[PDB]
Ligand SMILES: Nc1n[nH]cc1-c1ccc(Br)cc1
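Okay, so here's just one chain, in structure tokens, the form deposited without the named molecule.
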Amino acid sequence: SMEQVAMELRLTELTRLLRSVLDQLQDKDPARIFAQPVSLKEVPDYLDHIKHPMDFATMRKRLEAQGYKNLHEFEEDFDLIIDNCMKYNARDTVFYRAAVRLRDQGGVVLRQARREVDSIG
């Protein structure tokens, strides 16, 4: 149908906007602490601690499969990156501190993204 196509153009444009959002968030992580999954070879107990691991490469895979239906789903995954880190790592660590700085800087990008998603529909 013509409607399904219209819908698919919307999802495609959402994917377009979320790709730009993802790039902006990932620049706030210049150390690349959040770039890849925590290694289960190097942290073999990780899944005993963290039930839903997340990282920017995993988000990108989902994004490119047009797997985010709305901004809320995308934010859920970004918040997992941060929240997982802040639980696994202690407050006095470079990892915890990196997550705090990502959360704080990401806020600004996410605030405008929400306005753009509502604005453009």
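Position 1 is the first residue in the sequence shown; the rest follow in order.
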item	value
Segment of higher mean CA temperature factor, 71 to 79 or 24 to 32	24 to 32
Which of 15 to 23 and 99 to 107 has higher mean CA B factor, as the PDB entry lists it	15 to 23
Chain third (lowest, middle, highest) by recorded CA B-factor, residue given as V43	middle
Chain thirds of CA B-factor: placement of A90	lowest
Among modelled residues of the same chain, the CA temperature factor third for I50	lowest
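Form deposited with the named molecule bound: not shown, discussed below.
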item	value
4.5 angstroms heavy atom contact with the named molecule in the entry with it bound for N89	yes
Proximity of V38 to the named molecule in the entry with it bound, heavy atoms at 4.5 Å	yes
Touches the named molecule in the entry with it bound: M59 (any heavy atom, 4.5 Å)	no
Interface membership of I33, the named molecule in the entry with it bound, 4.5 Å heavy atom rule	yes
Contacts with the named molecule in the entry with it bound - residues in 61 to 75 whose heavy atoms fall within 4.5 Å	none
